[PDB]
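Here is the structure we will look at, set down as structure tokens.
Both backbone and side-chain heavy atoms feed into the values below; hydrogens, waters and symmetry mates do not. For the single chain, residues carry numbers from 1 onward in sequence order. First listed ligand is number 1; within each ligand, the first listed atom is number 1.
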Amino acid sequence: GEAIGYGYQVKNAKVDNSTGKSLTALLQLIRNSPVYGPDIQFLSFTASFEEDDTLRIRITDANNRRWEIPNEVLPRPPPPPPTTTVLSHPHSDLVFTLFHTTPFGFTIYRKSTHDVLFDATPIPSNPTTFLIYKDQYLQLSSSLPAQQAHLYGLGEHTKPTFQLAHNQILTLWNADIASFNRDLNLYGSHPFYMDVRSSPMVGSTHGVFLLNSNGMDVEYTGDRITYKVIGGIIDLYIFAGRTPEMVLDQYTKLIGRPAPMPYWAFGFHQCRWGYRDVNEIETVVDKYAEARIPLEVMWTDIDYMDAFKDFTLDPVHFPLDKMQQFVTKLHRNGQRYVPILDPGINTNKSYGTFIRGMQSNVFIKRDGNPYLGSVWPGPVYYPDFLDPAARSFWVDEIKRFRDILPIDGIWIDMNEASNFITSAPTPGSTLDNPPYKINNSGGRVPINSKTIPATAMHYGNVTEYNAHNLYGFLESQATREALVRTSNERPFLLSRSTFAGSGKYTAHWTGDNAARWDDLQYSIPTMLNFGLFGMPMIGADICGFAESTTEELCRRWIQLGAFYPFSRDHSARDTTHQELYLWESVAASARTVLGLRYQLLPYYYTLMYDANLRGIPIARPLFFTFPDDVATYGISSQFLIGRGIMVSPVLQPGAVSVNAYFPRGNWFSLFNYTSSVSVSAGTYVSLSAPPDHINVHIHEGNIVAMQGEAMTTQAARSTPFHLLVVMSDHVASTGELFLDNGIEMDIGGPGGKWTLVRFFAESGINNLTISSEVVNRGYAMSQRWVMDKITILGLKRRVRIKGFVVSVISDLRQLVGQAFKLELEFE
Ligand SMILES: C[C@H]1O[C@H](O[C@H]2[C@H](O)[C@@H](O)[C@@H](O[C@H]3[C@H](O)[C@@H](O)[C@@H](O[C@H]4[C@H](O)[C@@H](O)[C@@H](O)O[C@@H]4CO)O[C@@H]3CO)O[C@@H]2CO)[C@H](O)[C@@H](O)[C@@H]1N[C@H]1C=C(CO)[C@@H](O)[C@H](O)[C@H]1O
Ligand SMILES: *[C@@H]1O[C@H](CO)[C@@H](O[C@@H]2O[C@H](CO)[C@@H](O)[C@H](O)[C@H]2NC(C)=O)[C@H](O[C@@H]2O[C@@H](C)[C@@H](O)[C@@H](O)[C@@H]2O)[C@H]1NC(C)=O
Ligand SMILES: *[C@@H]1O[C@H](CO)[C@@H](O[C@@H]2O[C@H](CO)[C@@H](O)[C@H](O)[C@H]2NC(C)=O)[C@H](O[C@@H]2O[C@@H](C)[C@@H](O)[C@@H](O)[C@@H]2O)[C@H]1NC(C)=O
């Protein structure tokens, strides 16, 4: 009945000289244990500053290379070449200390406040606190200040709170498990957390990322967090912050900046599993138009395929000629089309894709032969997306399909990879039967369950055991590559399975949620989480994927979902239909809220630009704007779009009001500028929320450029700009507008076919000035964009050109590309 492990001692350690300081230590195992398998006797330990704001701690086997995420998959700077050894840099707020105890320890603290960020000092009689390092069990633990540390992240899991609750285990093992299930490991793995400290120095935030693709359990008990990882190495990154936005900037610098999205992807999307034929999807499109509900993109689920085979069309229900006609008509109406692809290729002798796949040997193998799964068409082989040959095959299959049927984007699903059967384990393999069982599906379920077995092999003799969590991520890279090679437009793809870095390639949606009030709320923490994960294009299936929706739930869901960065109504086939036009109350709400969303299109687009530039999420937690307000840390039912717009949805059946938190200051309803909330300090306010209404407020100190409502994003972009200026007594109001053609591949690139406008507004005693600065005037000028109206909120006196009131300045006819300074006088 042994102890789990006995820990390590420092045998030597030095800080290098004359270079960007790094520390190298050699660690020797104290004593062996049989628990969880063979202990690595010698460890190479390094701490180094890859940037002034980013500390990297890398623990490897001193005597053997171990699995690491390939640099080609996630490119990053290479590794560097009692008694304590201390590492610190003059311009870094991070200080690293190696404790030569028995067993050894290490900490990282803030120079500026002495707050301990990460504390891996062992409690010597408590092996659960030790660094343990076995071939299939790595243990790394940090103490935390229970009440000061507020943690977020470690996806993908459905949770009723955004801030991680104390006393839980979060399992990371990509699995086809429905997101309507709380707690369970879902489709993606993001071993990142944000840690917002309420003191010392309120709002002081850092990030912690373990760059490891193996299955893991992360145990969080409030005063401790422990990683239990079944392979690979410890490659840990600490991001200094100190604001939450800085942390995401630092994190996305490492894992990849969010891919831009095309302008059209912010329009409304409609999909259903079960659409019967071309006539039905044409009918859906028509009825959206007839209801005057904006619809941008029509999607087809696996119904369109011939017997669920990728790259085919059902000759009876979705014939090529009628589908070609249908897509052409979409395109003539300013609309777009996105079909689904699964990764498994049906083992069918008449099937061209299968033939070319076999000819190029593109499939993942087990025991020397292609691994046989079961998915929608039955038997399948899975392309090895780690194999360059398979990626070329994928590009080719997509090019062939695109040649016959125009598409505007791709939805990649089932890519955990999902398998409908579980294969028998390889006798004697500790990969198929690992010594430590992670909490797969909340029941310590074997990792091979409903996926590709761990003993399957990939390109370069890589085991599925090691590469499993990378599959969806790899398919996303290959698919974005295929789209970029077959069209010069900025591509759009949506992926189910993801890993840290996936945001550089793809949007994500929350997966198989349910038509439940619980899931309506769950969409908010998941939306916020994916922003932290560097995947700002996130949304949930509006009205619920699984189970039949109700009129009321669907009405409250479109109200909320109209503000997701990715807004799509999708549903399972064994449920009632849930297109937005089916109920009048839903249709009316849809027009109102999609109306406002569409007016906000230039704003969403600008946020998408900021996200690609800095990693800052489009939909962000309140504490991103108000990190000094501790009350916002625990909020899980409100969120911001950009800096100053707050969405506060009703999330309860039968409710006609919502208790919503308002940070200090003046907030104005975007649906009625006369309606406002003014609070001298942050507090809950019981907002009226009639059946047809959702609360959406803008804070003082912000300026938002809007365009008009329209049925398509193209038509919306042809309308005048109206500037909404919300004055603050305390600060000048500012805002930003990024403009390009909506589809440029290199957003904000040196070609300069874009413009960036900054808006400013400041009150004097007797006057008010509103002005803009323009980058690349000639370009914006060439696009004829006109700002015709400015609405001024936040003041108690009316204003004119040479309780709160609203002032509107009309008929300006101002070119957006020409900087202006507008001077106003108080009445
Ligand atoms: C459409 C959908 O179909 C598959 O998923 C189904 C699944 O086959 C159903 O059996 C059902 O599974 C639930 C199960 O009923 C529920 O009890 C729960 O099981 C828990 C269990 O409760 C708990 O005790 C513990 O044991 O863990 C279990 C889970 O591990 O949860 C199950 C699901 O995890 O519902 C799901 C979801 O409907 C298939 O696997 C899905 O991928 C598939 N969805 C895909 C397919 C599409 C068609 O192309 C798309 O339309 C869709 O967007 C895409 O996500
Ligand atoms: C190989 O491709 C065939 C042609 O697409 C598949 O047959 C088709 O399956 C449909 C059910 O999804 C069925 O409605 C079609 O009538 C049928 N077409 C023909 C020409 O037979 C075939 O699918 C298998 O066979 C059918 C009869 C069903 O039993 C499916 O469940 C089977 O998977 C494909 N073969 C395989 C092994 O997938
Ligand atoms: C926008 O919000 C305003 C603030 O609640 C509404 O004004 C209010 O209207 C009430 C009558 O419905 C009235 O008792 C309140 O005193 C009044 N409050 C203020 C500050 O004016 C406004 O409601 C009206 O809109 C239409 C329906 C007309 O009745 C106008 O006279 C009001 O401005 C809200 N606007 C809309 C369009 O709902």
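Under the 4.0 angstrom criterion for non-hydrogen atoms, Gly378 is not in contact with ligand 2. Heavy atoms of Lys309 come nearer than 4.0 angstrom to ligand 2 in at least one pair.
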Determine all donor-acceptor pairs shorter than 3.5 Å in which one atom belongs to a side chain in residues 169-179; sequence neighbours excluded.
| from | atom 1 | to | atom 2 | distance (Å) |
| --- | --- | --- | --- | --- |
| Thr171 | OG1 | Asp217 | OD1 | 2.8 |
| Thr171 | OG1 | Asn439 | O | 3.4 |
| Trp173 | NE1 | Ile447 | O | 2.9 |
| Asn174 | OD1 | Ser189 | N | 3.0 |
| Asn174 | OD1 | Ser189 | OG | 2.9 |
| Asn174 | ND2 | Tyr187 | O | 3.4 |
| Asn174 | ND2 | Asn469 | O | 3.1 |
| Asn174 | ND2 | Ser497 | OG | 3.0 |
| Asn174 | ND2 | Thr498 | O | 3.4 |
| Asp176 | OD1 | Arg496 | NH2 | 3.3 |
| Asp176 | OD2 | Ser418 | OG | 2.5 |
| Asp176 | OD2 | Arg496 | NH2 | 3.2 |
| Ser179 | OG | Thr510 | O | 2.7 |
| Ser179 | OG | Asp512 | O | 3.4 |
| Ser179 | OG | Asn513 | N | 3.3 |

When you look at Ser423 and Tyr371, which way does the side-chain hydrogen bond (donor to acceptor under 3.5 Å, both in side chains) test go after all the steps?
CA-CA 10 Å; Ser423 291; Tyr371 175 68; 2.5 Å; yes

For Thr479 and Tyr505: C-alpha separation, side-chain torsions, deciding distance, then whether side-chain hydrogen bond (donor to acceptor under 3.5 Å, both in side chains) applies.
CA-CA 9 Å; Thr479 304; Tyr505 303 96; over 6 Å; no

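Taking the centre of each ring, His693 and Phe671 come in below the 6.0 Å mark. Outside the 6.0 Å centre-distance limit, the rings of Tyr275 and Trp299 are not counted as a close aromatic pair. Separation of the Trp557 and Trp517 ring centroids does not fall under the 6.0 Å cut-off. Taking the ring centroids of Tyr304 and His317, they lie at or beyond the 6.0 Å cut-off. Between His699 and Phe662, a ring centre-to-centre spacing not shorter than 6.0 Å is recorded. Side-chain rings of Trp394 and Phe311 approach one another, their centers coming within less than 6.0 Å. Between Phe668 and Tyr673, the distance separating the two ring centers is not shorter than 6.0 angstrom.
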Atom pairs, nitrogen or oxygen, ligand 3 to protein, under 3.5 angstrom:
| from | atom 1 | to | atom 2 | distance (Å) |
| --- | --- | --- | --- | --- |
| ligand 3 | 2 (O) | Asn672 | OD1 | 3.3 |
| ligand 3 | 2 (O) | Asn672 | ND2 | 2.4 |
| ligand 3 | 35 (N) | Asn672 | ND2 | 2.8 |

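In terms of polar-atom proximity, defined here as any N/O pair under 3.5 Å, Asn348 does make such a contact with ligand 2. Considering backbone and side-chain atoms alike, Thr347 places every N or O at 3.5 Å or more from each N or O of ligand 2.
Side-chain atoms of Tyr382 and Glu464 include no donor-acceptor pair closer than 3.5 Å.
Classification of the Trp273-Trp376 ring pair by plane angle, with boundaries at 30° and 60°, yields tilted.
Near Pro377, meaning under 4.0 Å from one of its heavy atoms, ligand 2 places the atoms 33 (O), 38 (O). Contact atoms of ligand 2 toward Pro379: 37 (C) (distance under 4.0 Å to a heavy atom of the residue). Counting atoms of ligand 2 from 1 in the listed order, those under 4.0 Å from a heavy atom of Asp306 are 5 (O).
Contact shell of ligand 1 (protein heavy atoms, cutoff 4.0 Å): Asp176, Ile177, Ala178, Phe180, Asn181, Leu184, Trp273, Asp301, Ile302, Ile340, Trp376, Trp411, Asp413, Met414, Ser441, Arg496, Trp509, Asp512, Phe545, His570.
For the side chain to side chain contact (heavy atoms under 4.5 Å, CB included) test, residues two or more places apart in sequence or in another chain that qualify with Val805 are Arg798.
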